[PDB]
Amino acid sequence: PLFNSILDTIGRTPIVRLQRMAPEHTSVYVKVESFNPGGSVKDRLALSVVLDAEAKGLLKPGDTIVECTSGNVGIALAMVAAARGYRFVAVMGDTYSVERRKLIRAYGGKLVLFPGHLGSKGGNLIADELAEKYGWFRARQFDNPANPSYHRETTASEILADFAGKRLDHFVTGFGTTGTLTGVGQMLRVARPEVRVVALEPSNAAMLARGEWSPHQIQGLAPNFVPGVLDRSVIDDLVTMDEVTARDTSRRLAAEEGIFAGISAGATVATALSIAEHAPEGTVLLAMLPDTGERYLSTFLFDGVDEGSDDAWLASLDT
């Protein structure tokens, strides 16, 4: 139980049961990836990507890593780079919450921002450019097979072990790099063919099911393209989810269950409740909670939330 490195605490996250949000004749369990030291499921690929690189001789002590940090991946790489002795450089838009900025500089990352109006790929480009220019290492979160690999061996094993001999009918997840859905899905389809793998997409960005994509707010989900690490054959059910319904459900999870997660976590739970609403008696669902809601205080997850005293509420108590 004594741990050598903080990176040894990655994975083995808890799966907990929702106490009141689910229909009584149903059971909805949830996987909290905020328990990872990085506060998100990205701790998995970041650690896997780097360990795979080292064993491949692509990374050496003191080396430098660079990637296009949309948010969590940057924080996880920064943490892993810091913990293993690497330098980390991430490229994020000029217009990106100053918090997602301070977080990276916290782990000692050297940040370089470009005009946000460059549609993301601008950094994704200056990533490989600055990479070969100095022989820097690129994670390639979207194409590095170590990503779905770590999920096959850890995430899936954790889910499989927890539900062994027990009932499980639905596994719900959204996708960004698609590593989670791919890895867990491949393991599930073989081990539990009966479990329906449910993949959700933001209502406006139904890339997979309609080739359409529009800037959404369900952070960490549906990027402007389809990752090559994806194995869509694993998907049993492809659905959509409104960013507002997802934001609202994330808020409910917090106030009604005490589980403070982000938007994509609200989306998965929303989809689960949806299926549960009309599901047969005794249906068991599992939803993925990708990260902590703590890094969302400055996003639409907190839009319309009172900041002052609850005078009105106090007043309603004496009348």
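Residue numbers here begin at 1 and follow the sequence given.
The stretch 60 to 68 shows the higher mean C-alpha B-factor when 42 to 50 is compared against 60 to 68 in the entry. Per-stretch averaging of Cα B factors for 227 to 235 and 172 to 180 places 227 to 235 on top. Each of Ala78, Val190, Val98, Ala156 has a CA temperature factor in the record; the biggest one is found at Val98. In this structure the maximum Cα B-factor among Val198, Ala90, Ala161, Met241 is found at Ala90. Annotation for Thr13: CA B-factor lies in the lowest third of the chain's modelled residues.
Ranked within its chain, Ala55 lands in the highest third, by CA B factor from the PDB record. In the deposited entry, the Cα temperature factor of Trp136 sits in the top third of values across the chain's modelled residues. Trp213: CA B factor lies in the highest third for its chain, per the PDB record. Annotation for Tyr86: CA B-factor lies in the middle third of the chain's modelled residues.
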